[PDB]
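Asks: Dropping a structure here in structure tokens format, bear with me for questions.
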Amino acid sequence: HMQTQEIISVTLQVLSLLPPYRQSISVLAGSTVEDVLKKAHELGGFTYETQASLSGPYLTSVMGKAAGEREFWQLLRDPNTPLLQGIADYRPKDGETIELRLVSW
């Protein structure tokens, strides 16, 4: 009995930093954003940190830049669409661009 999975490509981008980060990342369909970040780190040149919360992990640092007071790393889908899901819940689609943006409130 055969079994199959699709390999998709997700573009990960961070424009809140100089220099900006932008890379195409290959993962299996069904991977979460957190799986994309893990693969980006394995490829080299991407780092991040997460912390636990009652609703799952969330980003506290991206490419060495920690969110400060009244700031957080926001997850968006290109062009400018906030995703109201955590990194461990959102499952990107083939060809999607995922952006991490440091925002203050």
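In the structure tokens, chains take the letters A, B, ... in the order shown, each chain's residues start at 1, and ligands count up from 1 in the order shown.
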As a PyMOL selection string, list the residues of region 21-94 of chain A assigned to strand (DSSP E) by DSSP on the backbone atoms of this structure.

Replies: chain A and resi 21-28+48-51+58-62+65-66+71-77+81-82

Asks: Could you pull the residues within 10 Å of residue 105 (chain A), counting only C-alpha atoms, minus those fewer than 2 positions along the same chain, as a VMD selection string?

Replies: chain A and resid 69 to 72 103

Asks: Please save N, CA, C and O atoms of the selected residues as a PDB file, in the first residue's frame.

Replies:
ATOM      1  N   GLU A  69       9.454  45.876  25.562  1.00  0.00           N
ATOM      2  CA  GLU A  69       8.229  46.203  26.287  1.00  0.00           C
ATOM      3  C   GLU A  69       7.133  46.636  25.320  1.00  0.00           C
ATOM      4  O   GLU A  69       7.374  47.439  24.415  1.00  0.00           O
ATOM      5  N   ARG A  70       5.940  46.067  25.503  1.00  0.00           N
ATOM      6  CA  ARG A  70       4.775  46.353  24.659  1.00  0.00           C
ATOM      7  C   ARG A  70       5.086  46.129  23.182  1.00  0.00           C
ATOM      8  O   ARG A  70       4.642  46.870  22.309  1.00  0.00           O
ATOM      9  N   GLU A  71       5.860  45.084  22.902  1.00  0.00           N
ATOM     10  CA  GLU A  71       6.155  44.670  21.537  1.00  0.00           C
ATOM     11  C   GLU A  71       5.919  43.174  21.407  1.00  0.00           C
ATOM     12  O   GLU A  71       6.041  42.431  22.382  1.00  0.00           O
ATOM     13  N   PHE A  72       5.576  42.728  20.197  1.00  0.00           N
ATOM     14  CA  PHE A  72       5.552  41.293  19.943  1.00  0.00           C
ATOM     15  C   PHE A  72       5.858  41.023  18.477  1.00  0.00           C
ATOM     16  O   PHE A  72       5.717  41.890  17.616  1.00  0.00           O
ATOM     17  N   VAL A 103       6.024  44.444  16.104  1.00  0.00           N
ATOM     18  CA  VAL A 103       5.048  45.525  16.225  1.00  0.00           C
ATOM     19  C   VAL A 103       4.918  45.920  17.685  1.00  0.00           C
ATOM     20  O   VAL A 103       5.169  45.131  18.603  1.00  0.00           O
TER      21      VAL A 103
END

Asks: Any idea what's packed within 12 Å of region 28-35 of chain A, counting only C-alpha atoms, ignoring anything in its chain fewer than 5 positions away? Could you give it as a ChimeraX atom specification?

Replies: /A:4-12,40-42,48-50,56-59,75-77,83,85-100

Asks: Write a file of the selected residues as a CSV table (one decimal), in the first residue's frame, keeping N, CA and C atoms.

Replies:
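Generated file (result_16.csv):
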chain,number,residue,atom,x,y,z
A,4,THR,N,1.4,8.9,0.5
A,4,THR,CA,2.0,10.0,-0.2
A,4,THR,C,1.9,11.3,0.7
A,5,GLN,N,2.9,12.2,0.5
A,5,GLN,CA,2.8,13.5,1.1
A,5,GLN,C,3.3,14.5,0.1
A,6,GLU,N,2.9,15.7,0.2
A,6,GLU,CA,3.3,16.8,-0.8
A,6,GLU,C,4.3,17.6,-0.1
A,7,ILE,N,5.4,17.9,-0.9
A,7,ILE,CA,6.4,18.9,-0.5
A,7,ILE,C,6.0,20.2,-1.0
A,8,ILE,N,5.9,21.2,-0.1
A,8,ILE,CA,5.5,22.5,-0.5
A,8,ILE,C,6.6,23.5,-0.2
A,9,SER,N,6.5,24.7,-0.8
A,9,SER,CA,7.5,25.7,-0.6
A,9,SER,C,6.8,26.9,0.0
A,10,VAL,N,7.4,27.4,1.1
A,10,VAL,CA,6.8,28.5,1.9
A,10,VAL,C,7.9,29.6,2.0
A,11,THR,N,7.6,30.8,1.6
A,11,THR,CA,8.6,31.9,1.7
A,11,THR,C,8.5,32.5,3.1
A,12,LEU,N,9.6,32.6,3.8
A,12,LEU,CA,9.7,33.2,5.1
A,12,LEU,C,10.4,34.5,5.0
A,40,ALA,N,14.1,26.5,8.6
A,40,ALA,CA,14.9,27.7,8.3
A,40,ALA,C,16.1,27.7,9.1
A,41,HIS,N,16.0,27.3,10.4
A,41,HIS,CA,17.2,27.3,11.3
A,41,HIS,C,18.2,26.2,10.9
A,42,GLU,N,17.7,25.1,10.4
A,42,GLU,CA,18.5,24.0,10.0
A,42,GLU,C,19.3,24.4,8.7
A,48,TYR,N,15.9,32.0,16.0
A,48,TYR,CA,14.7,32.5,16.7
A,48,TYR,C,14.6,31.9,18.1
A,49,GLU,N,13.8,32.5,18.9
A,49,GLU,CA,13.6,31.9,20.3
A,49,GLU,C,12.1,31.9,20.5
A,50,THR,N,11.6,30.9,21.2
A,50,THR,CA,10.2,30.9,21.6
A,50,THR,C,10.1,30.7,23.1
A,56,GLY,N,0.1,27.9,23.8
A,56,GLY,CA,1.1,27.4,23.0
A,56,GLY,C,2.3,28.3,22.9
A,57,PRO,N,3.4,27.8,22.1
A,57,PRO,CA,4.6,28.6,22.0
A,57,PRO,C,4.4,29.9,21.2
A,58,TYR,N,5.2,30.9,21.5
A,58,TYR,CA,5.2,32.1,20.8
A,58,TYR,C,6.6,32.7,20.6
A,59,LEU,N,6.8,33.5,19.6
A,59,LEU,CA,8.1,34.0,19.3
A,59,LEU,C,8.5,35.2,20.2
A,75,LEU,N,2.7,37.5,13.4
A,75,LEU,CA,2.6,36.6,12.2
A,75,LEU,C,1.7,37.1,11.2
A,76,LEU,N,2.1,37.3,9.9
A,76,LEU,CA,1.3,37.7,8.9
A,76,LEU,C,1.4,36.8,7.6
A,77,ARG,N,0.4,36.9,6.8
A,77,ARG,CA,0.5,36.3,5.4
A,77,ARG,C,0.6,37.5,4.5
A,83,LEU,N,-2.4,36.9,10.8
A,83,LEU,CA,-3.0,35.6,11.1
A,83,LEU,C,-3.3,35.5,12.6
A,85,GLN,N,-3.6,33.1,14.4
A,85,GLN,CA,-3.2,31.8,14.9
A,85,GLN,C,-1.8,31.8,15.4
A,86,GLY,N,-1.5,30.9,16.3
A,86,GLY,CA,-0.1,30.8,16.8
A,86,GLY,C,0.8,30.1,15.8
A,87,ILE,N,2.1,30.1,16.0
A,87,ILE,CA,3.0,29.5,15.1
A,87,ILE,C,2.8,28.0,15.1
A,88,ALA,N,2.3,27.4,16.2
A,88,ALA,CA,2.1,26.0,16.3
A,88,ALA,C,0.8,25.5,15.8
A,89,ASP,N,0.0,26.4,15.3
A,89,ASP,CA,-1.3,26.0,14.8
A,89,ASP,C,-1.5,26.3,13.3
A,90,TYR,N,-1.0,27.4,12.8
A,90,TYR,CA,-1.2,27.8,11.4
A,90,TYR,C,-0.4,26.9,10.5
A,91,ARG,N,-1.1,26.3,9.4
A,91,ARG,CA,-0.5,25.4,8.5
A,91,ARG,C,-0.4,26.1,7.1
A,92,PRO,N,0.8,26.6,6.7
A,92,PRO,CA,0.9,27.4,5.5
A,92,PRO,C,0.6,26.5,4.2
A,93,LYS,N,0.2,27.2,3.2
A,93,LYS,CA,-0.1,26.6,1.9
A,93,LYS,C,1.1,26.8,0.9
A,94,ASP,N,1.1,25.9,-0.1
A,94,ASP,CA,2.2,26.0,-1.1
A,94,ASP,C,2.2,27.4,-1.7
A,95,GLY,N,3.4,28.0,-1.8
A,95,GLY,CA,3.5,29.3,-2.4
A,95,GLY,C,3.2,30.5,-1.5
A,96,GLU,N,2.7,30.3,-0.3
A,96,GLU,CA,2.4,31.4,0.7
A,96,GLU,C,3.7,32.0,1.1
A,97,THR,N,3.6,33.3,1.4
A,97,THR,CA,4.7,34.1,2.1
A,97,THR,C,4.3,34.4,3.5
A,98,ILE,N,5.1,34.0,4.4
A,98,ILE,CA,4.9,34.2,5.9
A,98,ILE,C,5.8,35.2,6.3
A,99,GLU,N,5.3,36.3,7.0
A,99,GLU,CA,6.1,37.4,7.4
A,99,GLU,C,6.1,37.4,9.0
A,100,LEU,N,7.2,37.7,9.6
A,100,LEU,CA,7.3,38.0,11.0
A,100,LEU,C,7.7,39.4,11.1

Asks: How many Å separate CA of residue 45 (chain A) from CA of residue 68 (chain A)?

Replies: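 Interatomic distance, CA of residue 45 (chain A) to CA of residue 68 (chain A): 22.5 Å.
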
Asks: Just the residues within 10 Å of region 16-19 of chain A, please, counting only C-alpha atoms, with nothing from its chain fewer than 5 positions along; format it as a ChimeraX atom specification.

Replies: /A:62-65,73,99-103

Asks: Take the residues from that selection and write them out as a PDB file, in the first residue's frame, keeping N, CA and C atoms.

Replies:
ATOM      1  N   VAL A  62      13.659  36.976  17.076  1.00  0.00           N
ATOM      2  CA  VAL A  62      13.822  36.572  15.681  1.00  0.00           C
ATOM      3  C   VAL A  62      15.113  37.198  15.167  1.00  0.00           C
ATOM      4  N   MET A  63      15.998  36.369  14.591  1.00  0.00           N
ATOM      5  CA  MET A  63      17.319  36.807  14.108  1.00  0.00           C
ATOM      6  C   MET A  63      18.052  37.662  15.137  1.00  0.00           C
ATOM      7  N   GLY A  64      17.959  37.257  16.397  1.00  0.00           N
ATOM      8  CA  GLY A  64      18.682  37.901  17.465  1.00  0.00           C
ATOM      9  C   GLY A  64      18.025  39.131  18.042  1.00  0.00           C
ATOM     10  N   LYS A  65      16.869  39.537  17.524  1.00  0.00           N
ATOM     11  CA  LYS A  65      16.167  40.722  18.001  1.00  0.00           C
ATOM     12  C   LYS A  65      15.013  40.276  18.888  1.00  0.00           C
ATOM     13  N   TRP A  73       6.319  39.804  18.219  1.00  0.00           N
ATOM     14  CA  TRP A  73       6.566  39.350  16.856  1.00  0.00           C
ATOM     15  C   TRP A  73       5.253  38.876  16.252  1.00  0.00           C
ATOM     16  N   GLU A  99       5.297  36.271   6.976  1.00  0.00           N
ATOM     17  CA  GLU A  99       6.126  37.369   7.449  1.00  0.00           C
ATOM     18  C   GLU A  99       6.078  37.428   8.968  1.00  0.00           C
ATOM     19  N   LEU A 100       7.225  37.705   9.576  1.00  0.00           N
ATOM     20  CA  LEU A 100       7.328  37.977  11.004  1.00  0.00           C
ATOM     21  C   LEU A 100       7.677  39.449  11.141  1.00  0.00           C
ATOM     22  N   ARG A 101       6.866  40.185  11.886  1.00  0.00           N
ATOM     23  CA  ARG A 101       6.985  41.635  11.953  1.00  0.00           C
ATOM     24  C   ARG A 101       6.972  42.064  13.409  1.00  0.00           C
ATOM     25  N   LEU A 102       7.938  42.889  13.814  1.00  0.00           N
ATOM     26  CA  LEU A 102       8.001  43.344  15.202  1.00  0.00           C
ATOM     27  C   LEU A 102       7.107  44.570  15.327  1.00  0.00           C
ATOM     28  N   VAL A 103       6.024  44.444  16.104  1.00  0.00           N
ATOM     29  CA  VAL A 103       5.048  45.525  16.225  1.00  0.00           C
ATOM     30  C   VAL A 103       4.918  45.920  17.685  1.00  0.00           C
TER      31      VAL A 103
END

Asks: Could you state the separation of CA of residue 67 (chain A) and CA of residue 53 (chain A) in Å, given to one decimal place?

Replies: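 Value for the CA of residue 67 (chain A)-CA of residue 53 (chain A) distance: 15.4 Å.
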
Asks: Between CA of residue 61 (chain A) and CA of residue 80 (chain A), measure the distance and give it in Å to one decimal.

Replies: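 Result for CA of residue 61 (chain A) versus CA of residue 80 (chain A): 20.8 Å, one decimal.
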
Asks: From the list A:23, A:51, A:60, A:3, which residue is nearest residue 36 (chain A) when using only C-alpha atoms?

Replies: A:23
